[PDB]
Every structure is written in structure tokens, then in C-alpha cells.
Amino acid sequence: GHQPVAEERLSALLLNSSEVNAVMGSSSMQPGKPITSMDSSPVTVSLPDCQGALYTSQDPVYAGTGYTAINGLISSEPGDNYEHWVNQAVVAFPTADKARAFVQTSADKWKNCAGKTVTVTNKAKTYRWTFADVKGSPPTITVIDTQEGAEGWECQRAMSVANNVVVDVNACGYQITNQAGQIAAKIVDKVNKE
């Protein structure tokens, strides 16, 4: 079987509520409404090409890449002070080649963000985030970013590709090590079984 994943099957690739909870160490995370388009809400990053290194599914990042469809979910415990937060998305491309090219581009951009602090402005609010080094083994990339302050809030970004599908994950919390890497690998397993 060498057929690509159909656009209409993207939602079946995401992790369910049990799976998200299990990775994150929670029993109460809940998903929001399906996300079915790229995010074009404005955000300013002091190094503009680090936008994708901070957030999944960003319009300025995916624009022009040939993607055909995106399906995602954001999950967290209820309330304003959730312990865990996950944004998981899968992005369909016409071919494996185009999907892989996008991850390669992402790897180039993330490597220029590694080991740097950037300033991010959103809704007239400004915060600084510090990137660790880019990790992972082909075709997966990961990087941990840490929000300034004594909270210790952090996010791990993970991106991978299988078949014609790019897997794009942001997992955040106070005890981040490789949750986004785990999520990505589980989504890749779902792509593989399509």
C-alpha cells in the first residue's frame, strides 16, 4: 500500500482524550472544537522565522508550502490555570515529497532559533521565550522553549512526517521532557496504519 492519507481522514490521526491525558500525566484534560484552518491571528516574534518554532499550525509558516488540509485540537484541564496544554495537528500534502520538504524547511528555521531568547508580542502583551537545542532523530525534530519568570512553564515542540502527512505538536506544562515527542510518535503510528 502506497496510497496517501485522504484529507477526510486527518481527524482520525489525532490522539483521543485518554491518549492525551496519559502522555501528559493528567486525568482531566478536555479538547476544544476541531481546528480546521491555519492560525492567522497576528503575532510578532523578534526573530520572525522563529514563529514556527514556537507554535503549530501558523499561517505565515505554512503559506506557500502546498498543504491541502489541516486538522487539530487544543486540550487542557478546565479553568484558567491548567497544569497541562496540548496543541496537536496533522497537515496533509499532495505527496510525501512536499510533506518532507516542509519538515526539512522547519528544521532549518528551528536550528537558527536554538539557544536563543526571543520576544513575542500577542494581544498587546509581550513575553520572552528561550529555546534549547533542536533534538530528535530523522525525520522528527523537537525543541523545548521556556517562558521567562519563576513559574517554570515550558513547551516542547515536535514535528514529524509520515506518508504525505506532517505532524505538528506543542505540549506545555511545568514538567516537560519529551511529551510532544511522544505525542508525535503516537500520531505517526496512526498514519502508518491508515
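One rule holds for the numbers: they count along the sequence shown, beginning at 1.
Of the two stretches examined, 107-115 and 84-92, the record assigns the greater average C-alpha temperature factor to 107-115.
Taking the mean C-alpha B-factor of each stretch as recorded, 125-133 and 158-166 are not equal, and the higher mean is that of 125-133. Among all modelled residues in its chain, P34 ranks in the lowest third by Cα B-factor. The deposited CA B-factor of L10 belongs to the middle third of values across its chain. Among the modelled residues of its chain, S28 has a C-alpha B-factor that falls in the highest third according to the deposited record.
In the PDB entry, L54 places in the middle third of its chain by CA B-factor.
Looking at the C-alpha B-factors along this chain, the one for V61 belongs to the middle third.
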